[PDB]
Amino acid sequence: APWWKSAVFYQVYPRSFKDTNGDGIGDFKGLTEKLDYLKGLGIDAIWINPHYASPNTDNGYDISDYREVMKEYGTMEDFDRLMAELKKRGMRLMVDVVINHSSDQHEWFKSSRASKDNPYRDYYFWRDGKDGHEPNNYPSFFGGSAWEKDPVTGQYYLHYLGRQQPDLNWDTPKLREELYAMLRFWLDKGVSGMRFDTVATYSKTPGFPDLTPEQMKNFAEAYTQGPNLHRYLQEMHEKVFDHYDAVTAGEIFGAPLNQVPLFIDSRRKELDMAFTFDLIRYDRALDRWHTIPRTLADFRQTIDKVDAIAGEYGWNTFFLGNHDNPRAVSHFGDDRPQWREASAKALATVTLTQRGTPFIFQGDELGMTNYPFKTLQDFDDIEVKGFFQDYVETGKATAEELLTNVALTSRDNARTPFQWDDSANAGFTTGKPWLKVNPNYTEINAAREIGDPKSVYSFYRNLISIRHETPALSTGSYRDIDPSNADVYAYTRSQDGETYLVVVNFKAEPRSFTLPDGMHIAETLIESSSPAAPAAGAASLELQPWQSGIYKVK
């Protein structure tokens, strides 16, 4: 089994991790200075968000030169030093790869847009408008049409994401070759992994027909149905990843779950691991800014479906948080002051006992929460400006309705600065932070958590040790004990004759749990929020509100 199947990854959003020069923005020196912190937590590998030259209309996801580092993060020597310090500690780097689209400030795009006849014209998608308007009805994730007119040629260019993020044209062989050369530039430096942003949208539909009214309400899914998608992923593997030893993982956003095996079945020679969004978006409405109430039965049934698509030859990541989603404890747990620590531990237990490679998002090991936004001016999020354009300016919603609802879903909840201690701005910066620090940093910070054996951080650290010592808990089979139960989540992990039971109360009330007939507790590995372990031989358990536990059975 490869190293990445048993590894524990941590995701660093460098903009918000640690600033070392007072400009309010996190940087490479900051990340490098905190490597001992991450080593001591027990992290094997870090995934960093984009670190390349960028105008930052979308905080690194609009890249203007793929072979230079972002000015705010440091220099190429700072990147090289990050790499060297990771290696000293036996840790690996995964970088973010953003090749569905570039910045409109990339030299390819400046050349492409200049005339119709130039060698870069087909690096992007340029099309004539139809019947007085855009080439078709495609919407953009970030507001308005996915087509933007350029008066120089009178044609429109495609952008699924922001106006400043034109889509790259994978149908053009010279363009594919340029992307492959660029990937080699980074892999030659020794990076150990690559995470592919919106990997399912690379192939565009020939002819760009209109979306149907059905497709229009779920456009994210129509954009994943390009006919050449797997041909491109296979060619990238053959020309690039076959020559290296790096792991690959795809952000498969918008794809129907039954198509996921095409990306990750190891026999297909495409990607190694999947990030899927069925679970993290399980309670999101189609418009992406409302929430729909769900129960633990929905949570566990979604997991069971995602596990089944990995089958025998594929592999899943597991995550409860990332830079595009609200905080795990607020979203899946209960972030009220009395339940925040109990429920954040319960979610740690879930995260670290799933079948797949877990990714811990920066700050979740502290039990960091959603941010108390007060006005729409408190959001940096360009996705929020897009909802304002699509919903407030059009009269569909008031500003107060947008505010109330996006406060719960906005990705800026995940982007507030990491809370290091209780000094000014939580020790993130000596200057003014680019996004405000959550005021609860006085109660939620790394310095106070590390020093307390009973903290959320200590629980994460202890779980990571246990997982490392117990192979069933990464590579073992997974079986949900009762998918209909909406109160208590329970499942087994087994490998090579060893079976482990995981039991997690999702109610803020006491609950009982009866083990399957014949199964008995043999040993308790760890519990959260419990006054007493069960007795060896127990056929049932009494659970405190939000209690979690791992037990060896038989």
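Numbering starts at 1 and follows the sequence shown.
Undergrad: Going by the B-factors listed in the PDB entry, is the mean over the C-alpha atoms higher for 212 to 220 or for 282 to 290?
TA: The stretch with the larger average C-alpha B-factor is 212 to 220.
Undergrad: Quick one: higher average CA temperature factor, 224 to 232 or 69 to 77?
TA: The deposited B-factors put 69 to 77 ahead on the C-alpha mean.
Undergrad: According to the deposited entry, which of 412, 270, 452, 364 has the largest Cα B-factor?
TA: Comparing C-alpha B-factors across 412, 270, 452, 364, the top value belongs to 452.
Undergrad: Just the C-alpha B-factor column, please: which of 512, 32, 64, 49 has the biggest number?
TA: Largest recorded C-alpha B-factor: 512.
Undergrad: Within this chain's modelled residues, let me know which third the CA B factor of residue 82 belongs to: lowest, middle or highest.
TA: Tercile = middle for this residue's CA B-factor.
Undergrad: Which third of the chain does residue 447 land in by C-alpha B-factor: lowest, middle or highest?
TA: Middle third.
Undergrad: Comparing residue 261 with the other modelled residues of its chain, is its CA B-factor in the lowest, middle or highest third?
TA: Bottom third by C-alpha B-factor.
Undergrad: Test of reading the entry: by CA B factor among the chain's modelled residues, which third contains residue 122?
TA: As the PDB entry reports it, the C-alpha B-factor of residue 122 lands in the middle third of its chain.
Undergrad: Sorting the chain's CA B-factors, does residue 112 end up in the lowest, middle or highest third?
TA: Middle third, going by the recorded CA B-factors of the chain.
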